[PDB]
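Trainee: Handing you this structure, nothing more for now.
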Ligand SMILES: Nc1ncnc2c1ncn2[C@@H]1O[C@H](COP(=O)(O)OP(=O)(O)O)[C@@H](O)[C@H]1O
Ligand SMILES: Nc1ncnc2c1ncn2[C@@H]1O[C@H](COP(=O)(O)OP(=O)(O)O)[C@@H](O)[C@H]1O
Ligand SMILES: [Ca+2]
Ligand SMILES: [Ca+2]
Ligand SMILES: [Ca+2]
Ligand SMILES: [Ca+2]
Ligand SMILES: [Ca+2]
Ligand SMILES: [Ca+2]
Ligand SMILES: [Ca+2]
Ligand SMILES: [Ca+2]
Ligand SMILES: [Ca+2]
């Protein structure tokens, strides 16, 4: 039989089959409920919406993130999501397919135990494994020891791992990621005249981010170049044939990753958090971490972000360090890729947690499993 | 050995359109009129009858006071409506309604009490096995192939804009205009009187209806068309009366339907159908207006004038922003679109679960009709 | 010990003919080396890093795992192979390279064109919809058509069709939307201003848009 892989990301769910080179189903991890309740009567709407359909019907719905900031906080909505994944997105019955889930770093034991319980008792999965997103990313890079920068939709993590084990004393969480960047790009665009009020116009801004934005190597010189010339401007055509000119926004938006002060956060940029994490590791392994720095997640896709991170990091590290930043072209979904690879492997099958074991020892069996 | 056949009855402001489900056209079409004798002196001998319906009432005026039960799409007299329905069932359709499920149609914004009374009458007076009430414009849109759009239904005595999203009407944005085909006939009658001709007898009014339905058209630009008709004979056309006399009509041909866009012609202080179409669209959620402009369907007997679609597109484009895609749909079977949609709806096999059974009525009273 | 990586297993080589589109695991008792070619695939990369962890787990957990990218070999490592031997070829991949999009049926999606005609059956419920060839050449005007594009659904109404035909076309397009996750918007084209509809047939049946940066699951060969 073929196994299933599901990365429950903060803002998008990435699901697919073990063995494929990419997640077949990718959709927003969002659930919306009617906001005026009188629309489930006279206008005949269903009680909840998932993913694309919910976001489309934003406006008559209150949208909530079951996994806002990476940790699941609503098991009814998470159930709606997973049910959608299995039955509607993948079109399979989960009782016939083992299911690998991913969890955020610093996931509570109770959270993972409830995840386990729900999979087995509500979806009758034959077997399941929960892995840590950054670890799957690390393995996918071809490495077993390194430090991962995982920037996604609602939360960003620094995670150091030595010989396949995460170091929770030094794991770093930062509540800034792609979604706040989209919001900020919207704000600074609206500060130039452009307005985005229709649901369509609000999704347009996410598109502009993903297609036109890039990370400035030196913010000062790049800001100056955009102020004194038009070399850096670039144009984006709306549906309605009107065209928009965007200039410094292209690199002011992602700079927030390095200067959270842009959105009113008192916090540290991704370079600083990488540094503080590495220094919080064993003193003997910091060299190995500096030399193996893997980037994963959707928010590490801006062009020229590898360069900037190396710059700010080398400015932080001791002068004699050999520093290398790893940004493989498949990093947007490396997590999912790892699951797909790992679930297909022959060595892994011994690690699968069967329903028999769940019946025998309760939900705590999930803690007693190595990668 | 067989199954059962269902009835479709559109209770129009001026005409009753009734027939069987599955047929492409209503077998019975007759005036929605009830006539009762001038004074009791007439029905003494019996002698005369208590009341006359439809064509016979039109045939016997002058001894009958004529009334419209459904003068404005909303039923206002249940005795006269009962005579109408009775005539429909037994005289025109020649069926026993205890033997057929009966789909009736109702105007937009019909009061709930009114629809409950319709229900009570059907079940308690005609023992209908099943009945369903549909909204006329919705059947019209459905016949256009759609479940979302905004219908312009111009009939005999009333005109409506109805926006519909996913098959449900939006009553906050429903627009009513108490002007329609009959007011156009009356006005055409007057303006022909102003040319020498004189129409005042009822037979002369039927002739005027024929002249309207056969010769009138909607000018694309009223100023220019008036000028063309005033400086040449291109727009003139000749109509032969029954006695073999020919008459010639010119600007009347388009001044008559022009009233739809300029109600001031009949002394109404109100806005033309283009304006109200716009006002309705504006009363809807901003997210759907794009769809409404893209799906603007016309139904009813008074949307039959030629070139009314081009004019509608012009005036709506002038009302709406420059960048909107406006599309005016004028299905060729729109004179009966309502009814035809109903026919198809009752035909459907998926439909039958929705028929309201007599059992459910006896058990739950008339408010079940809302479900 | 030396092993090329194949599928997930380890094939033992003792000839040190290093290749550029693969990954090799070298076994020294207290330090495990994994060497990742500059032109290999992900599965080959990640199977190395997985196997090394299984090996260090068997070994009580006192071995050190040394990942090394091609061209960057450390002297410590290079002094175990050599008394530069790097070939160009590969050992195959295990992944199936898919391309993806807004719906999970993507990488195999062929756009469909169906015809709906009431001339052959009586009643709506009896009617059926038949796939015809995805081409303008398959369009008549006596009946209606529906194009399933995956992303979208187009409807083409012939001027010489009937109500029943357009009702089936709508039914079928809304059914397509229902049975496929995410929204697949229905767009009706009347015969006459049908430019985009014919334009879609002109994009052919093997045309699907995805954005979503596509990637290839094998060495470059
Ligand atoms: N080329 C790109 N540049 C910048 N951001 C991108 C790009 N492609 C996708 N993204 C963003 O990445 C974010 C999602 O990352 P993801 O891996 O889904 O994290 P998570 O799964 O934790 O939500 C979204 O905000 C999306 O806009
Ligand atoms: N071809 C036509 N041109 C102008 N008016 C027409 C035409 N055909 C029908 N009508 C008018 O349609 C009106 C009735 O429309 P209909 O939808 O049957 O209304 P209702 O539902 O109010 O009975 C009549 O006034 C008739 O004169
Ligand atoms: Ca993630
Ligand atoms: Ca009507
Ligand atoms: Ca008659
Ligand atoms: Ca060890
Ligand atoms: Ca290879
Ligand atoms: Ca046909
Ligand atoms: Ca045909
Ligand atoms: Ca759908
Ligand atoms: Ca691929």
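Chain B residue numbers are taken from Swiss-Prot; in order, the displayed residues are 4-374.
Every residue gets a Cβ built from N, Cα and C, even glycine.
OK, Swiss-Prot features for this one:
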- B:46: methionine (R)-sulfoxide (MOD_RES)
- B:49: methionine (R)-sulfoxide (MOD_RES)
- B:63: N6-malonyllysine (MOD_RES)
- B:75: tele-methylhistidine (MOD_RES)
- B:86: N6-methyllysine (MOD_RES)
- B:112-125: region 'Interaction with alpha-actinin' (REGION)
- B:179: ADP-ribosylarginine (MOD_RES)
- B:360-372: region 'Interaction with alpha-actinin' (REGION)
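Each of these features: where is it, how hidden is it, and who are its neighbours?
Mentor: Taking Cβ-Cβ distances under 8 Å and a sequence gap of 6 or more within the same chain, the neighbours of residue B:46 (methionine (R)-sulfoxide) are B:40, B:52, B:53.
In three-state terms derived from DSSP, residue B:49 (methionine (R)-sulfoxide) belongs to neither a helical nor a strand segment and is classed as coil.
The DSSP secondary structure for residue B:63 (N6-malonyllysine) is coil.
Taken residue by residue with DSSP, residue B:75 (tele-methylhistidine) is part of neither helix nor strand, so it is coil. The number of other Cβ atoms within 10 Å of the Cβ belonging to residue B:75 (tele-methylhistidine), over all protein chains shown, comes to 15.
Long-range Cβ neighbours of residue B:86 (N6-methyllysine) (same chain, at least 6 residues apart, Cβ-Cβ under 8 Å): B:37, B:54, B:56.
Within the chain, the region 'Interaction with alpha-actinin' (B:112-125) has long-range Cβ neighbours (under 8 A, six or more residues past its boundaries) at 77-78, 81, 84-85, 88, 100, 105, 131, 134, 136, 138, 174, 177, 179, 359, 364, 369-373.
The number of other Cβ atoms within 10 Å of the Cβ belonging to residue B:179 (ADP-ribosylarginine), over all protein chains shown, comes to 18.
A Cβ distance under 8 Å defines the sequence-distant neighbours of the region 'Interaction with alpha-actinin' (B:360-372), meaning residues of its chain 6+ beyond its ends; these are 115, 118-123, 126, 130-134, 136.
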Trainee: Taking only the Cα atoms, work out how far residue B:179 (ADP-ribosylarginine) lies from residue B:75 (tele-methylhistidine), in Å, as a whole number.
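Mentor: Computed Cα spacing between residue B:179 (ADP-ribosylarginine) and residue B:75 (tele-methylhistidine) is 10 Å.
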Trainee: Which number gives the other C-beta atoms within 10 angstroms of the C-beta of residue B:49 (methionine (R)-sulfoxide), all protein chains shown included?
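Mentor: Taking all protein chains shown, residue B:49 (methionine (R)-sulfoxide) has 8 Cβ neighbours within 10 Å.
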Trainee: Whole-number answer please: how many Å between the C-alpha atoms of residue B:75 (tele-methylhistidine) and residue B:63 (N6-malonyllysine)?
Mentor: 23
Trainee: Helix, strand, coil: count each for the residues of the region 'Interaction with alpha-actinin' (B:112-125), based on DSSP.
Mentor: 11 helix, 0 strand, 3 coil
Trainee: I'd like the Cβ neighbour count for residue B:63 (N6-malonyllysine), meaning other Cβ atoms within 10 Å of its Cβ, all protein chains included.
Mentor: 15
Trainee: C-alpha of residue B:63 (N6-malonyllysine) to C-alpha of residue B:49 (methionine (R)-sulfoxide): distance in Å?
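Mentor: Between the alpha carbons of residue B:63 (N6-malonyllysine) and residue B:49 (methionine (R)-sulfoxide) there are 16 Å.
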